[PDB]
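Below: the structure, in structure tokens.
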């Protein structure tokens, strides 16, 4: 019944655009609590050369409560990652994001 | 003063290798508590095409205290990232790692 904050990736949107994430984001995903915390831009510029200081960034994390070992939460993380992906696609077009599934091979 | 959890990246090593991270890693970096938690592979493959399930992954986090807004921690975030990279360079070659600054979108 232990907790483990799994990093899912980042979400962002222009600082000029007002967005109420508490009304837009679900409380949980795949039965795991979904958390979003504001942080500095995780990199200076985007792929197109535009600056990131014009956007507000949020770390997305899933609070999982379990006892089994991490090398067994793979099912949850997968269901969650898919669910999260579909949640983000439902947000206003100006919202951007980078999720684990977007990472290049390590 | 609020405790902000800043995702730093990942660290990993062969699963068959019983390393003692508590003995290998420092307790803090740039005055902030360094946390590491075992999690599922963030991606299925390494750049060379080998599967990630052969390694045990750890999510790296820095617990930063600040009485200023989380979004203004970039100066400290950058100093911590530099210090953390140096720390990781000192670990055995069997340990792999990638910090936020190298994390790119496919």
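Note that each Cβ is placed from the backbone with ideal geometry, even for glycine, and that neighbours are counted across all protein chains shown. Nothing in this text is a laboratory measurement; each read-out follows from the coordinates by a stated rule.
Computed values, structure above
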item: Closest approach to the axis - chain A beta-carbon, rotation onto B, Å; result: A:7, 2
item: Chain A, relative contact order [Cα under 8 Å, separation at least 6], %; result: 42 percent
item: The protein assembly as shown: antiparallel DSSP beta bridges as a percent of all, rounded to 5; result: 100 percent
item: Spread of Cα-to-Cα distances over 10 Å intervals beginning at zero, given as percent, for chain B; result: 13, 46, 30, 10, 1
item: Pseudo-label separations to other copies for residue A:52 - Cα-to-Cβ vector, 7 Å, nm; result: 1.8
item: Per-residue Cβ neighbour rank within 10 angstrom, fewest leading, B:12, A:36; result: A:36, B:12
item: Ranked list, fewest to most other Cβ atoms within 10 Å of each Cβ, for B:82, B:47; result: B:47, B:82
item: Distances in nm from residue A:82 to the matching label points in the other copies, shortest first (labels 7 Å along Cα to Cβ); result: 4.5
item: Choice from A:51, A:41, A:69 with maximal GNM fluctuation in chain A (Cα, 10 Å cutoff); result: A:69
item: Shielding of A:30-39 by partner chains, average beta-carbon count, 10 Å; result: 2
item: For chain B, built as a Gaussian network whose Cα springs stay under 10 Å, the top-fluctuating residue of B:25, B:73, B:63; result: B:73
item: Nm distances between copies for residue A:1, ranked from closest, using label points 7 Å along Cα→Cβ; result: 3.3
item: GNM flexibility winner over chain B from B:17, B:34, B:60 (Cα, springs under 10 Å); result: B:17
item: Surface/4 estimate of mean projected area, convex hull on alpha-carbon atoms of the protein assembly as shown, nm²; result: 12.3 nm²
item: Label-point separation in nm, residue A:24 to residue B:48, each point 7 Å along Cα→Cβ; result: 4.2 nm
item: Helix-derived mean residue ellipticity, 222 nm - over chain A, DSSP H n ≥ 4, -39500 (n - 2.57), to 500; result: -5000 deg cm²/dmol
item: Linear extension gain, residue A:1 paired with residue A:87, 0.36 nm per residue minus alpha-carbon span; result: 28.3 nm
